[PDB]
């Protein structure tokens, strides 16, 4: 399942609301994940479902969607939110990642 | 006592003999014959399928 | 011309329609006869549709007939009538019945209510009557639940058939009451107080309550403005009794 | 005297039974049959028949015809069987909509046959169970407890109120439990099951098929190399391997019962009771208060977060626990159970 | 937490084995996945191995050049790369999880040149 992330780059100021959208070639029935890759090189898991929040992440992050369109939303940006974000699915083998969207502070 | 008379739909056709023979068909249409209508030369009679 | 219409009124007995194209100076009419238990046809008709009551252009209305199917997709049989230059589609309608029940509380008038007394306020007697109405459908069809609504008005008459009623309603202060309301296919209930202005010197006759109604069916917008109708044999009058307390001996 | 069964004539008959079990057949004609006491099998046959079962648990067998029948089962748990409508021979009654039979025990009728413009009904009263046909059907319950079986075809079943027992059978079926404490069996084929309000129960068979499971309000249960179940990710793999084509979609289910083989069960963020039964099972509870039961064999338990209570039962059980967690209970049961604080 | 081997330098045509070490909880309760990251590109999934039984599942386009092995005793996972080419220079990640990858390693750099 080819998975699309059209918006390659994004910019926002401290306190703004940011939306990252990822789309799929077919139905994924809510089987999608979101990951974060900081500039230092580490990779982290943010939400392990369409909306289920992980243990170690703050309440700022949130996700929603259904069918072929999904989105990750940042309610109130912070100076530690500079990283690349990927969308991954586990509905059909092989498991595929998204292209990636990069966030840089205005 | 429960037959509707104020909301009756009427089919009208100018063919001669229209309404002489009537029959319901397949729960959605009604067939009407026009025995005396002249379709063409040496032809008489026609059928209609009204929905 | 005559054909079979199937069961139209919902009594599980087959009904027929017979045509009279030559009536009213060749304008025509259609008669409807109900089927009866015993493999027979009722001797009198139940409906007469006249071409003059439909459109002035109709001639020979009823010269051809065909029935036994549903063409409106609402699960009710339909009748096709052929006339000179026109073909008409008459449609059956839902059939409705109403059942009514009346209860009193208390079931009987207490002794102290109507006994003669001088140190009491006259006309301050009490009571209660509970009235419940239920509208039900007889024919089986494919329309969804909750679409059928009707407006029902009715009369309540205390001591009907008596020049002067012993008991009066509290809100109107006379023996009659009119009320109209909209009903679905679900029972609804209403209660209202009963008051007595004077002592009853002939307690041997119970107070009698009478109810009779008229029903009008609202059209169905989804099925071409069809309106349900009341059954032609439906009971339209109901009665309950309100007896007095007995004191046959030593207040036993 | 001392006769239990009776077969009627080709004409109109009035057949009455006794307090024993009777099998009463009316054959052709219009017949009135009373079963009286006991459990009876009533088959009116062709014609307009009136059938009574009185007390006991009665069974009514219907035939391939358009003529209506009146059925009153009386007291007891009663059923009606419509299996003889579709048969390998030639069928006289029409099914031009392709819907087999349609049942509504709330409105007390069964649409036994249906042409495009004509609908044929049966009048059914005080009957709690229905059995469908080989084609697709629509089954609807009432406020009582009903047992609904769809048999073959792509059926739809609605249980209504009460505690029902719904069967899907072969084919792709739609089962709705509605209000009450229901029990849902899907059978062969790709089905979807939702129980709605109340505490429901689902039974699966570890075959090569895909099913969708929805547990609404209340605590709900699913029962089954073994299985790989991850309620957090909403996916269960039936044959134990992730990403397989034999998998289930799970949402709103709190309790899981494993297979006698070796299973892997993981719980979501809610309160979970996980049962592993026989075999070597791996159990993880996630976060929140959970109850773990490993059953027989050597099992491994996690209880990641929250105030959990862990039972190991028989076998050489292994426990993982965090030293900074509080409010936990452990019970190794029979065997050389080991606790590990290095997690 | 997963510990990976250090950076590696290799000549084309050779083979390199990479290590990924964890704990008993991770290898008992979770599968182990391997993910690559080419420079100036995204992330691609290779496959997983189940430490309890050693069963494997592979991405179709990586089937030929990849072999997954596990040492259950010491809780170490190994990936064997064969016929190294200039397209195989990337950073390789190991992560554990069933359907979502929970904990990621710090990464290992592979340099294919001469």
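Going in written order, the chains are labelled A, B, C, D and E, and every chain counts its residues from 1.
Please note the rule applied: a residue touches a chain if its C-beta (ideal position, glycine included) is under 8 Å from a C-beta of that chain, and two chains touch if they have at least 3 such contacts.
Visitor: State which chains count as neighbours of chain C and simultaneously of chain D.
Guide: A chain counts here if it touches both chain C and chain D, which gives B.
Visitor: Could you say which chain's mean Cα position falls nearest to the mean Cα position of the entire protein shown?
Guide: Closest to the centre of all protein C-alpha atoms: chain D.
Visitor: With contacts counted as defined, which of the two, B-C or A-E, has more C-beta pairs across the interface?
Guide: B-C
Visitor: Using each chain's Cα centroid, which is most distant from the centroid of chain D?
Guide: It is B.
Visitor: Would you kindly tell me how far, in whole Å, the mean C-alpha position of chain C lies from that of chain A?
Guide: The answer is 66 Å.
Visitor: Could you please state the distance in Å, as a whole number, between where the Cα atoms of chain A are centred and where those of chain E are centred?
Guide: That gives a centre separation of 24 Å.
Visitor: Could you state the distance in Å from the CA-based centre of chain D to that of chain E?
Guide: 46
Visitor: Going through chain B residue by residue, note those that touch at least 2 other chains and give them in order.
Guide: 24, 27-28
Visitor: Could you check chain A for residues that touch two or more other chains and list them?
Guide: Residues 31, 48-49, 90, 93, 95 of chain A touch two or more partner chains.
Visitor: Scan chain D for residues touching two or more other chains and write them down.
Guide: As it turns out, chain D has residues touching two or more other chains at 116-118, 233, 235, 243.
Visitor: Would you mind giving me the full set of chain pairs in touch?
Guide: The set of touching chain pairs is A-D, A-E, B-C, B-D, C-D, D-E.
Visitor: For chain A, which residues count as touching chain E in their complex?
Guide: Interface residues on chain A, with respect to chain E: 31, 33, 35, 41-45, 48-49, 86, 88, 90, 93-100.
Visitor: What part of chain B is in contact with chain C in the complex they form?
Guide: Against chain C, chain B makes touches at 1-5, 7-14, 18-24, 27-30, 32, 50.
Visitor: In the complex formed with chain D, which residues of chain B make contact?
Guide: So the residues of chain B touching chain D come out as 24, 26-28.
Visitor: Which part of chain C faces chain B closely enough to touch in the complex?
Guide: Within the complex, chain C contacts chain B at residues 8-9, 32, 46-47, 49, 53-55, 63-71, 73, 78-95, 224-226, 229, 232.
Visitor: Mind listing the chain D positions that touch chain B in their complex?
Guide: 115-118
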